[PDB]
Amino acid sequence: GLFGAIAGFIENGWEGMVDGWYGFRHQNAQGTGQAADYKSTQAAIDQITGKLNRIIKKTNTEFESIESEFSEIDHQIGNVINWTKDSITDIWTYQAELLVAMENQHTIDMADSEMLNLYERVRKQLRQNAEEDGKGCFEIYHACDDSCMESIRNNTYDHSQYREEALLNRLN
């Protein structure tokens, strides 16, 4: 898609992730872990809730009957009414198809952008202590335990602490 993350450089989604829309998986010495990112998940849901508030709505305009259901109306004005209603219906059918098509395009791309924005936030945090694998993972060039992994997710990772160790492991 537009931002190249979802159905892009991230191969597939995680069916096993049920407590969030976006999140992290890690591997270190101590083993494996999964966690959802709250901020990114909520930003996406709040934007979709916004669309629904705007679209799931009718006009409060009161319309009366201009055609009788049970009696015959004048043939000439009947033809005018039939022409006008069919014309209005063609406009609303077109507007409905376009609205939903356009919104669906935006929803898919907005969701793609929130994934990319989380990825870029992490890349910038890790600075020179990690490198990108092209599948959405960062290879970290220092011992990163569950506290360190938690500090990346919570946006409190200090790159300067591990820089010396990391730069040596990267150059080898």
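Heads up: residue numbers just count along the shown sequence, starting at 1.
- Looking at mean Cα B-factors across 24-32 and 47-55, the upper value is held by 24-32.
- Here the stretch with the larger average CA B-factor, out of 124-132 and 137-145, is 137-145.
- Within the listed group 60, 41, 105, 117, the record reports its top CA B-factor for 60.
- The PDB entry assigns residue 68 a C-alpha temperature factor belonging to the highest third of its chain's modelled residues.
- In the PDB entry, a CA B factor belonging to the highest third of its chain's modelled residues is recorded for residue 76.
- When the CA B factors of the chain's modelled residues are split into thirds, the value for residue 5 lands in the middle one.
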